[PDB]
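The form solved without this ligand is given below as one chain in structure tokens.
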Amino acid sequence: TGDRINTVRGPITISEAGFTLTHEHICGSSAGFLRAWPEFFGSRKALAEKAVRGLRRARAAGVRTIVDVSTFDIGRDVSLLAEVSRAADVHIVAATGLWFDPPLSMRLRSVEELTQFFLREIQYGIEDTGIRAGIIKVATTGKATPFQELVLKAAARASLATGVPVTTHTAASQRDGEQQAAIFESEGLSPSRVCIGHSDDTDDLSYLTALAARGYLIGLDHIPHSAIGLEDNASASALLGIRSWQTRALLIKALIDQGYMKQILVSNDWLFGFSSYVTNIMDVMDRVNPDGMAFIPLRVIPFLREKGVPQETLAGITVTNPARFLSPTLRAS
């Protein structure tokens, strides 16, 4: 098990991670977008300042590290991550992998080539910065496309060679997690190296627990996502859902109750800029959840405690689980 986690400011020891949000973003965009059209966000400086305010408030609430799951295709700008991390004094773990908007240069690649690209970002550094990714993000939106199966396979190969974990975006509704697990296992990846994300997007407790029993980490990262009260905004309802934050949060207690407290990872899946959706989605979202990344520690944790979840289980979920997941871990020979 690795003693250090790579962050945008360099390696940190496992104990330095502390309370960690495992699925967040500084900015949800597209490759090259922030640099070619920063004005879409007011300005690069305005976006950085917003991110610094948010990260400082989240830090005030106890968050010590966030995992920015923005891949190349989410328009991840590591320089921006490094700048905000330093200004707000919050650890930020960067990601490699590919989401669902890969451009042609990526979509035409073989599993072997993609493996090399993920390894480059983890081992040598993203772009020419030397900033090394500490996680691999992948995704499916229903049955995987042929390209998506290749990405999952490359992600598994990169994880097996480096020990860095894999985290995913799923259509929880469709039970994407099972197909994802299938692919990963076909590559020999240990389930403990994988977090099946957006799992609170569904009430299927059956699905969730079956994956947990196999060793997978379950990502309940859309807790504050809700279009309740905005049933009239189609784009918003489509993205956020009509289930309440309490409904989603209750899934955490359910999994704990079923005996899988060690496999749960909680997050907000928040961001400070969002260009890969309708214009104005950021504003809508910020009105929905003004606490932003602080929602987890300020609302969710107290809610669960009020529901009977003990202190130690809450601490285990927010500190222990993320540390074990993030610690680079190679499969035993």
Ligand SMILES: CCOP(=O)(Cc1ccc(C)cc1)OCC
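Just count from 1 along the sequence shown to find any residue number.
If you look for the form deposited with this ligand bound, you will not find it shown, but the lines that follow are about it.
Within this chain, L47 is remote from the site of this ligand in the deposited bound form, having no heavy atom within 4.5 Å. Of the heavy atoms in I14, none are within 4.5 Å of this ligand in the deposited bound form.
Residue contact check for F325: none of its heavy atoms lie within 4.5 Å of this ligand in the deposited bound form. Among residues of the shown chain, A31 is not one whose heavy atoms approach this ligand to within 4.5 Å in the deposited bound form. Contact residues in stretch 300-321 (any heavy atom within 4.5 Å of this ligand, taken in the deposited bound form) are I301, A315, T318, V319.
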